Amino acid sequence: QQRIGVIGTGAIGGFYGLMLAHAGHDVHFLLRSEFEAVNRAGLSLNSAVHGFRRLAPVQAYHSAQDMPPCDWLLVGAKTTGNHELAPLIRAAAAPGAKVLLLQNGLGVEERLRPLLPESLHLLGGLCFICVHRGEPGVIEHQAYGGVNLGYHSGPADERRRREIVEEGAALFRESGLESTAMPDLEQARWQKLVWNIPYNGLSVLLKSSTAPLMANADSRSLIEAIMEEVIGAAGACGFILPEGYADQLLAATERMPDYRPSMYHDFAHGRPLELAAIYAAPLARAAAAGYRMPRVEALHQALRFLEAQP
């Protein structure tokens, strides 16, 4: 039994902490705005995959300093707050703890590493899941749920790194989730950008969920074009992605239920968009490699304009 801490208990943190808790793990949740309702009424899950689940009472905390030392810390905050998140991770971390970022974007682990003791293992958890927060304390899970883990940095040698990635994957596997050990976390993060770059921004820019974006031929063509820019940028930075990856990803999105990306909810609620990790970072990597992404560049500009307007 690992002791798990969830740092940022939103849609992602709530889902994975609840799943792990349901599987017999000792899970401790750090909450912010919704601490009162969850501490009181608990956490509940509507899921088309796993059915209804409820955790009550919850081991809930409003301050990381109150949390006991945890062996695995699942970071479910958005990447926008990661700098301010580091002191909270450090406080809840047992010695040699594993820090696992359940976060989208590129360069996420690298930008956090200077704020974590080198004695902590820092891993990335790429989650392929359609989930959002409903009413407070209620998690709305529409599809998928798998987590692909990769190792960024920490005191482990290569052999130990693979063992630790497998330990994390086993945690999620024991809970009834799909989990995969990745050999190359950066490659995996580039792969995931092919979906998140078009769908997250375009859902805000065109105020639309996934199904209308796929059903209209102009947005569908635009999504495919953006995917090829991300695929081309990844290759230019030394990360070749599979043949016909765009067609595959587009097909999976057709099969997907009508879904509002996380960025859609952020703009709806006036929360800052994860532009830095999802757009700014791969655009910077692309320019360093001499590869231009005109549609992605323009999307990022449009989203920045939208965030500045009254």
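The first residue of the sequence shown is number 1, and the count goes up from there. For the two forms, the rigid core is made up of the largest set of C-alpha atoms that agree within 1.5 Å on superposition.
Consider 32 to 40 and 60 to 68 separately and indicate which one has Cα atoms farther, on average, from the shown form in 4 other deposited structures of this protein after rigid core alignment.
Result of the core-fitted comparison in 4 other deposited structures of this protein: 32 to 40 deviates more.
Going by root mean square C-alpha distance after a core fit, say whether 277 to 285 or 237 to 245 is farther from the shown form in 4 other deposited structures of this protein.
Stretch with the higher C-alpha RMS distance in 4 other deposited structures of this protein: 237 to 245.
Please work out which of 41 to 49 and 243 to 251 has the higher mean CA B-factor as recorded in the PDB entry.
The stretch with the larger average C-alpha B-factor is 243 to 251.
If you average the CA temperature factors over each stretch, which comes out higher, 111 to 119 or 221 to 229?
Averaged over C-alpha atoms, the B-factors run higher in 221 to 229.
Which of these has the highest Cα B-factor in the record: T79, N196, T180, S203?
Result of the comparison over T79, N196, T180, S203: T180.
Name the residue from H83, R189, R90, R161 with the greatest C-alpha temperature factor listed in the entry.
Each of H83, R189, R90, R161 was compared by C-alpha B-factor; the highest is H83.
Which third, lowest, middle or highest, does the CA B-factor of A236 fall in along this chain?
Highest third, going by the recorded CA B-factors of the chain.
Is the Cα B-factor recorded for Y279 in the lowest, middle or highest third of its chain?
Lowest third, going by the recorded CA B-factors of the chain.
Could you say whether, by C-alpha temperature factor, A288 belongs to the lowest, middle or highest third of its chain?
Tercile = highest for this residue's CA B-factor.
Lowest, middle or highest third: which one holds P95 when the chain's residues are ordered by CA B-factor from the entry?
As the PDB entry reports it, the C-alpha B-factor of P95 lands in the middle third of its chain.
State the tercile, meaning the lowest, middle or highest third, of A308 with respect to the CA B-factors recorded for its chain.
For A308, the deposited C-alpha B-factor lands in the highest third.
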